[PDB]
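A.B. asks: The structure under discussion is supplied below as structure tokens; questions concerning it will follow.
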Amino acid sequence: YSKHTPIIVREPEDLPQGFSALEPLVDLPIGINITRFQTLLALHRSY
Amino acid sequence: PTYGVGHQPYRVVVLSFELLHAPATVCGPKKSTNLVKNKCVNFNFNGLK
Ligand SMILES: *[C@@H]1O[C@H](CO)[C@@H](O)[C@H](O)[C@H]1NC(C)=O
């Protein structure tokens, strides 16, 4: 599920005070075991 | 070619079905009929009846 909204002001303190409905985008039929989560970042070089 | 049917070569293909905890993926086709309107008809639309 995913959505996007703008905020203009950064204020890196807390999530915005607002309601939003999360619309589905895709469904996946493989039923493999999942127990842990890991994420990536885009870092190319010092620049 | 000169050998008999008993000694002739035969091509054999073996299929092996199995069931697991998977959500079922590889099964066969479902056929559909025409669509009728304005008549009292029992229907089966993709599992809803
Ligand atoms: C993970 O796989 C094992 C099989 O060793 C199974 O017993 C278990 O239900 C699966 N799921 C989780 C969340 O452990």
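Chain lettering (A, B, ...) mirrors the order of the structure tokens, residue numbering begins at 1 for each chain separately, and ligand numbering begins at 1 in order of display.
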Output as a list in words the set of chain B residues within 10 Å of chain A, with distances taken over only C-alpha atoms.
C.D. replies: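 Going by the stated atoms only, the list reads residues 21, 22, 23, 24 and 25 of chain B.
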A.B. asks: Which residues are near ligand 1 - at most 7 Å, using only C-alpha atoms and all ligand atoms? Format: as an NGL selection string.
C.D. replies: :A and (33-35)
A.B. asks: Selection from above, C-alpha atoms, as a PDB file, in the first residue's frame, can you write it?
C.D. replies:
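The resulting file, part32.pdb, is reproduced below:
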```
ATOM      1  CA  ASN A  33       8.654 -17.454   5.464  1.00  0.00           C
ATOM      2  CA  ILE A  34       9.368 -13.866   6.539  1.00  0.00           C
ATOM      3  CA  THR A  35      10.657 -12.976  10.007  1.00  0.00           C
TER       4      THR A  35
END
```
A.B. asks: Determine, counting only C-alpha atoms, which protein, DNA and RNA residues have an atom within 7 Å of an atom of stretch 2-8 of chain A; residues of the same chain fewer than 5 positions away are not included. Present the result as a list in words.
C.D. replies: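 Listed by chain and then number, they are residues 22, 23, 24 and 25 of chain A.
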A.B. asks: If we count only C-alpha atoms, what is near residue B:33 at a cut-off of 12 Å, once residues fewer than 4 positions away on the same chain are taken out, given as a list in words?
C.D. replies: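 In the requested form, the answer reads residues 43, 44 and 45 of chain B.
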A.B. asks: Quick one: write out the picked residues with N, CA and C atoms as a CSV table (one decimal), in the first residue's frame?
C.D. replies:
```csv
chain,number,residue,atom,x,y,z
B,43,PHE,N,-26.0,-17.1,-11.6
B,43,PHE,CA,-24.7,-16.7,-12.1
B,43,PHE,C,-23.6,-17.1,-11.1
B,44,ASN,N,-22.4,-17.3,-11.7
B,44,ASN,CA,-21.2,-17.6,-11.0
B,44,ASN,C,-20.1,-16.6,-11.5
B,45,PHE,N,-20.0,-15.5,-10.9
B,45,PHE,CA,-19.0,-14.4,-11.3
B,45,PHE,C,-17.8,-14.6,-10.5
```
A.B. asks: Please measure the separation of atom CA of residue A:18 and atom CA of residue A:39, giving the value in Å to one decimal.
C.D. replies: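 Computed distance, atom CA of residue A:18 to atom CA of residue A:39, equals 26.2 Å.
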A.B. asks: How many Å lie between atom CA of residue A:12 and atom CA of residue A:41, rounded to one decimal?
C.D. replies: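 It comes out at 19.1 Å.
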